[PDB]
Structure formats: structure tokens, C-alpha cells
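Q: Please see the structure below; I have some questions.
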Amino acid sequence: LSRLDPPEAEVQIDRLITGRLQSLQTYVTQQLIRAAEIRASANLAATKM
Amino acid sequence: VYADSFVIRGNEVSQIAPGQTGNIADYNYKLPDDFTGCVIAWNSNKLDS
């Protein structure tokens, strides 16, 4: 936002937002998978208790 | 439709585009970065020279 001018920084900002959102979607997916695993382990632990 | 008009040099027409920088682009006439429309220019030496 300081080297490049408003409308040529946009495709750059668009690509940066896409890259930073694709890196967060997979993180949320892995977090959901690990949370499901932790939930299954906790259900097993509660049954054993 | 809004239509604007003015007279400038030949190579200076390069400055007429969204988000550009220069004498015309900064101190005489500036298009918004999200401008939509057409820019039209033609030789006028027979009249303005």
C-alpha cells in the first residue's frame, strides 16, 4: 500500500487475502478433525471412568 | 452517463487511467481506482495547434 498505487495493489491484495484464507480454512479443518478425535477419546475415557 | 472532456498532449493521454500518478493524474484530473467507463482521445492539431 506504499510502493504500488491503489488499483494495481488490489489484485495483489486479492491474491494475498486468498492465500491467507486458504491457509486458515485447512487449519480450521485440521482443528475440527483433532477436536472430533479428542471428543471420541474423552467419550472413551468417560466410559472407562 | 456522465461525460467529461479536455485537451492534453499525445503521450500525456497515458496518464488517463484508474489510479495513475502524474501531473494530469494528480493535479488536474484523477480517475477513481474503481472507475468504469471508456476513455476516448484523438489528434486535434488541425484545431488546437
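Identifiers in the C-alpha cells: chain A, B, ... in order shown; residue index from 1 per chain; ligand index from 1 in order shown.
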Counting only C-alpha atoms, collect the residues of chain B whose closest atom lies at most 7 Å from chain A, and write them out as a PDB file with N, CA, C and O atoms, in the first residue's frame.

A:
```
ATOM      1  N   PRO B  18      -7.286   4.509 -14.373  1.00  0.00           N
ATOM      2  CA  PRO B  18      -7.556   4.437 -12.933  1.00  0.00           C
ATOM      3  C   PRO B  18      -6.273   4.381 -12.116  1.00  0.00           C
ATOM      4  O   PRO B  18      -5.313   3.696 -12.475  1.00  0.00           O
ATOM      5  N   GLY B  19      -6.270   5.120 -11.006  1.00  0.00           N
ATOM      6  CA  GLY B  19      -5.192   5.039 -10.039  1.00  0.00           C
ATOM      7  C   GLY B  19      -3.830   5.457 -10.536  1.00  0.00           C
ATOM      8  O   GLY B  19      -2.828   5.121  -9.895  1.00  0.00           O
ATOM      9  N   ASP B  33     -10.061   4.679  -8.548  1.00  0.00           N
ATOM     10  CA  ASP B  33      -9.454   3.375  -8.782  1.00  0.00           C
ATOM     11  C   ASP B  33     -10.453   2.364  -9.324  1.00  0.00           C
ATOM     12  O   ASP B  33     -10.056   1.448 -10.056  1.00  0.00           O
TER      13      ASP B  33
END
```

Q: Compile the contact shell of residue 36 (chain B) as a list in words: residues with an atom at most 12 Å away, counting only C-alpha atoms, same-chain residues fewer than 6 positions apart removed.

A: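 Once the nearby chain positions are removed, what remains is residues 1, 2, 17 and 18 of chain B.
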
Q: Just checking: using only C-alpha atoms, which residue out of B:47, B:31, B:24, B:38 ends up closest to residue 8 (chain B)?

A: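 Comparing B:47, B:31, B:24, B:38 against residue 8 (chain B), the winner is B:24.
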
Q: Which one of B:28, B:34, B:41, B:48 sits closest to residue 10 (chain B) if you count only C-alpha atoms?

A: B:41

Q: Restricting the calculation to only C-alpha atoms: of B:37, B:49, B:7, B:13, which residue gets closest to residue 25 (chain B)?

A: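 Answer, going by the shortest atom-to-atom distance: B:13.
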
Q: With only C-alpha atoms as the counted atoms, please give the residues lying no more than 9 Å from residue 15 (chain B), apart from itself and same-chain residues fewer than 4 positions off, as a ChimeraX atom specification.

A: /B:11,20-25,30

Q: Looking only at the backbone, which of the residues in chain B does DSSP tag as helix (DSSP H, G or I), as JSON, numbers by chain?

A: {"B": [11, 12, 13, 14, 15, 23, 24, 25, 26, 27, 45, 46, 47, 48]}

Q: Selected residues, N, CA, C and O atoms, written as an mmCIF file, in the first residue's frame, please.

A:
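Output file part-v4.cif is given in full below:
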```cif
data_model
loop_
_atom_site.group_PDB
_atom_site.id
_atom_site.type_symbol
_atom_site.label_atom_id
_atom_site.label_comp_id
_atom_site.auth_asym_id
_atom_site.auth_seq_id
_atom_site.Cartn_x
_atom_site.Cartn_y
_atom_site.Cartn_z
ATOM 1 N N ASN B 11 1.296 11.845 -25.803
ATOM 2 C CA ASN B 11 1.824 10.877 -24.849
ATOM 3 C C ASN B 11 1.230 11.076 -23.462
ATOM 4 O O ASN B 11 1.198 10.140 -22.656
ATOM 5 N N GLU B 12 0.754 12.288 -23.165
ATOM 6 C CA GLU B 12 0.191 12.567 -21.848
ATOM 7 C C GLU B 12 -1.123 11.835 -21.615
ATOM 8 O O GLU B 12 -1.547 11.698 -20.460
ATOM 9 N N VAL B 13 -1.782 11.362 -22.676
ATOM 10 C CA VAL B 13 -3.016 10.602 -22.509
ATOM 11 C C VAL B 13 -2.765 9.316 -21.741
ATOM 12 O O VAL B 13 -3.704 8.720 -21.202
ATOM 13 N N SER B 14 -1.508 8.867 -21.681
ATOM 14 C CA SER B 14 -1.171 7.686 -20.893
ATOM 15 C C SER B 14 -1.604 7.836 -19.441
ATOM 16 O O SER B 14 -1.904 6.839 -18.775
ATOM 17 N N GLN B 15 -1.641 9.070 -18.937
ATOM 18 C CA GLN B 15 -1.981 9.296 -17.535
ATOM 19 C C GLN B 15 -3.466 9.141 -17.256
ATOM 20 O O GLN B 15 -3.862 9.111 -16.086
ATOM 21 N N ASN B 23 1.340 14.480 -13.416
ATOM 22 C CA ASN B 23 0.841 15.848 -13.377
ATOM 23 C C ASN B 23 -0.663 15.894 -13.620
ATOM 24 O O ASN B 23 -1.411 16.457 -12.814
ATOM 25 N N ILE B 24 -1.131 15.276 -14.706
ATOM 26 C CA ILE B 24 -2.560 15.275 -15.003
ATOM 27 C C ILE B 24 -3.305 14.398 -14.005
ATOM 28 O O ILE B 24 -4.363 14.775 -13.490
ATOM 29 N N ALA B 25 -2.760 13.214 -13.719
ATOM 30 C CA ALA B 25 -3.453 12.264 -12.858
ATOM 31 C C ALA B 25 -3.595 12.765 -11.428
ATOM 32 O O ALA B 25 -4.514 12.334 -10.726
ATOM 33 N N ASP B 26 -2.718 13.664 -10.981
ATOM 34 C CA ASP B 26 -2.694 14.087 -9.585
ATOM 35 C C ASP B 26 -3.132 15.528 -9.362
ATOM 36 O O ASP B 26 -3.708 15.821 -8.313
ATOM 37 N N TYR B 27 -2.879 16.431 -10.310
ATOM 38 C CA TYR B 27 -3.100 17.854 -10.093
ATOM 39 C C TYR B 27 -4.084 18.481 -11.068
ATOM 40 O O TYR B 27 -4.380 19.672 -10.933
ATOM 41 N N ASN B 45 -4.535 18.528 -33.821
ATOM 42 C CA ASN B 45 -3.607 19.557 -34.270
ATOM 43 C C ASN B 45 -4.279 20.517 -35.244
ATOM 44 O O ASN B 45 -4.067 21.733 -35.187
ATOM 45 N N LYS B 46 -5.113 19.987 -36.142
ATOM 46 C CA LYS B 46 -5.770 20.843 -37.122
ATOM 47 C C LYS B 46 -6.579 21.944 -36.450
ATOM 48 O O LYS B 46 -6.810 22.999 -37.049
ATOM 49 N N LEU B 47 -7.016 21.720 -35.211
ATOM 50 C CA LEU B 47 -7.802 22.703 -34.475
ATOM 51 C C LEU B 47 -6.962 23.434 -33.426
ATOM 52 O O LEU B 47 -6.930 24.670 -33.399
ATOM 53 N N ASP B 48 -6.279 22.684 -32.565
ATOM 54 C CA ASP B 48 -5.679 23.235 -31.356
ATOM 55 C C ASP B 48 -4.210 23.612 -31.506
ATOM 56 O O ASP B 48 -3.627 24.133 -30.551
#
```

Q: Provide the CA of residue 19 (chain A) to CA of residue 34 (chain A) distance in Å, to one decimal place.

A: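 Separating CA of residue 19 (chain A) from CA of residue 34 (chain A) is a distance of 23.0 Å.
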
Q: I'd like the interatomic distance between CA of residue 42 (chain A) and CA of residue 25 (chain A), to a tenth of an Å.

A: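 CA of residue 25 (chain A) lies 25.3 Å from CA of residue 42 (chain A).
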